[PDB]
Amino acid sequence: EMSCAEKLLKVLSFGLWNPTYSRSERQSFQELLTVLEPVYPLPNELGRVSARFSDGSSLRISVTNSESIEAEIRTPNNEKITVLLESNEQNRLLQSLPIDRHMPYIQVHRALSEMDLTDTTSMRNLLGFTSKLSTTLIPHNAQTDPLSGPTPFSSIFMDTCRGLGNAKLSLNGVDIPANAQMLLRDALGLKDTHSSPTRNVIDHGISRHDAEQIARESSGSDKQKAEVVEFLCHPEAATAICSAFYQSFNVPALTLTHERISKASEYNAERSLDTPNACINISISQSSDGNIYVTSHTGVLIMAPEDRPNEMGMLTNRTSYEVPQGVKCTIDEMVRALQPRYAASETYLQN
């Protein structure tokens, strides 16, 4: 009887990591929780989150800068209920949303199942989970600022070539799989790793036909698919996609942690564990006002501080930013328009 949007909302209030949940229930939650996508926040919001499920029910949670939480359920029969949520220590509500907080310490989560980091699929899945939990914001100075220096953004097109077909990517909540990402790769004019996008896409966006092809190959609802086509036909949709892959977004966070990341790299290379170096999980949404928000995740293996030695987990970097209107897909143009905000969290397998 009870919708998805509602099920999930019960969970988040009782608490994701609540000990009274059977393991089989935890998996069924992580399934509901991954529908959550970050989206353009309004001016007083610390972050806004949205979920549209297959049973036709949606959910919109928003957290204000004063860290006040408000949810909105939309039943499959279009009823608009609005709940006030309180986050505390038994639920850790605030920690189980994709939101950037101003904490005095980098946030630490515990994986909810045995995502034992052996291979690629293990890692991706864990990043799949961590992408939906909170992160602590990290400031940069002139030297660690991804957008400063002599050549900011110089690598996005290379980064975009390597990333597409190897990322987990969602537009307006629609999962764009590898095949589709690979069509999108060709759709931007980035067929080979040494190119820039075509003068035609930079100016007019992806062609309608290309967009429809990509959206057909994608998993997701029919209505949502349509929003994806309309999204892709914008000069700014090319800007959003390409920039989300910028490698140096990760510099503020590694500055604080790389020695531990390298330690994990070595630990694993000695056991012949074929574990990727990094995983990317992007999430881009256009509001029904035209607002383009990018939330881009990089997961990377990391060793716990030398207090719980030989334990290994994942470091997640979230980069959030709006792509304003008329910001065309150009390096020179990205450097002066886009204003990223970097944040991180450490997740360890409760195991």
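Start at 1 and count along the sequence shown; that's the residue number.
Greater mean Cα temperature factor according to the PDB record, 118-126 or 133-141
If you average the C-alpha B-factors of 133-141 and of 118-126, the larger mean comes out for 118-126.
Mean CA B-factor: is it higher for 310-318 or for 22-30?
Stretch with the greater average CA B-factor: 22-30.
Check the PDB entry and point out which of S155, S262, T257, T198 has the largest C-alpha temperature factor.
Answer, based on the entry's C-alpha B-factors: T198.
Top Cα B factor in the deposited entry, candidates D175, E227, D100, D159
Largest recorded C-alpha B-factor: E227.
Classify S283 as lowest, middle or highest third according to the C-alpha B-factor given in the PDB entry, relative to its own chain.
As the PDB entry reports it, the C-alpha B-factor of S283 lands in the lowest third of its chain.
Tell me, lowest, middle or highest third: where does the Cα B factor of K328 rank within its chain?
Top third by C-alpha B-factor.
For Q107, return the chain-relative third of its C-alpha B-factor as stated in the PDB record: lowest, middle or highest.
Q107: CA B-factor falls in the lowest third of its chain.
Lowest, middle or highest third of the chain for the C-alpha temperature factor of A344?
Within its chain, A344 is a lowest-third residue by C-alpha B-factor, going by the deposited values.
Within this chain's modelled residues, let me know which third the CA B factor of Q181 belongs to: lowest, middle or highest.
Its C-alpha B-factor, which the entry lists for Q181, ranks in the middle third among residues of this chain.
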